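Let's start with one chain on its own, the form deposited in one PDB entry, as structure tokens.
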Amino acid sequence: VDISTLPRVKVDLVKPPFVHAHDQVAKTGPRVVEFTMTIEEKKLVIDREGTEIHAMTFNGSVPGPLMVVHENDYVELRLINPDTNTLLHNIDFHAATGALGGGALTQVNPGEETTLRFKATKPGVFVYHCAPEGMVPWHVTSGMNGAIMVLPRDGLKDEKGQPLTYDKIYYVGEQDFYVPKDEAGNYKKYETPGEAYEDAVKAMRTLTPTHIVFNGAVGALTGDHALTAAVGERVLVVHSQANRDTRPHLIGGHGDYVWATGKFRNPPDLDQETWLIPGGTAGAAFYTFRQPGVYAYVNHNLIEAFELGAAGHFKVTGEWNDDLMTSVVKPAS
């Protein structure tokens, strides 16, 4: 059918780890879903030490926002590069088919905009990221990535084919940064992106991130910004890593149903302690909370988690179940 005859819906995106409102089960026929993103190059403090990088972002955040559509919707993205930016940007959707995921069609200089449309033919969670020719890993590792979820029109199903409905959804973007270091091991400082470039490339070539963070900074998903849930709630956590492998783990819980490589026509893996999301992939894990308290959600390379930053918290409210776990004899001499 002619695309002009389809309904259109405009979505306004929200900042991760939150996700724009949507329906799991498609309440309309196929639609054109309209999104707008504004590129912002900005300074960001990424750690407790106050290390500050020139970040490249979709819509002001690292990661970029989670977009949500249904299988066989059309995604129409208006991408704006304001004149206050210095660099050329584009966008590649792993969800899309052709033209380097859209990257060949979306090259915008500062002061320019473009509109891309693609059909979301495959259900799953997918990475999107910037990919300007000659400079891809630098943009991606400066924060310019996010994800898109293409739900099956009848929502998610378990390994047997019965409905799985989530009560809450969170989006964790994990970012590897590669801040250049001198012979002494201190982080170098740079006046312009072009003066940063070769040292950025050299730092990348070590394949050793200096920082690995959730939602753009060490401790971004802790304290007042901890994720929350209640006992008995079904939570979907979507987790992306555009460049580097990760292995999410909910300390004190499990992934009840996991799409480790994120594609919903496959049956989920059950009862996972830890699952591997390859670099360049988004995955999704569904868990029903059974106990209250603080949970840590970590990359289970524990060095990456507790020294380099890849750790956040859930604060869970509800009833303690002494059947599931109890202290029989509290620590004592």
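Numbering starts at 1 and runs along the sequence shown. Throughout, rigid core stands for the largest set of C-alpha atoms superposing within 1.5 Å between the two forms.
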Using the B-factors recorded in the PDB entry, average over the C-alpha atoms of 158-166 and of 200-208, then report which stretch comes out higher.
158-166
Greater mean Cα temperature factor according to the PDB record, 120-128 or 217-225
217-225
Residue selected from 150, 184, 258, 237 by maximal Cα B factor
184
Whose C-alpha has the highest temperature factor in the PDB entry: 32, 53, 298, 277?
53
Check where residue 288 lands among this chain's C-alpha B-factors and tell me if it's the lowest, middle or highest third.
middle
Residue 115 CA temperature factor, ranked by third within the chain
middle
Grab the CA temperature factor for residue 269 from the record and place it in the lowest, middle or highest third of its chain.
middle
Residue 75: which third of its chain by C-alpha temperature factor?
lowest
Temperature factor at the Cα of residue 178, chain-ranked in thirds, falls in the middle
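If you look for the form deposited in another entry, you will not find it shown, but the lines that follow are about it.
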Candidates 173, 143, 255, 102 - which moves between the shown form and the other one, C-alpha at least 2 Å, core fixed
102
Any chance the CA of residue 192 moves 2 angstroms or more between the shown form and the other one, core superposed?
yes
Core aligned, does the CA of residue 182 move at least 2 Å between the shown form and the other one?
yes
How does the C-alpha distance between residue 100 and residue 119 change in the other form compared with the present structure, closer or farther, given a change of 3 angstroms or more?
closer
A change of 3 Å or more separates this form from the other: in the other form, the C-alpha atoms of residue 76 and residue 100 are closer
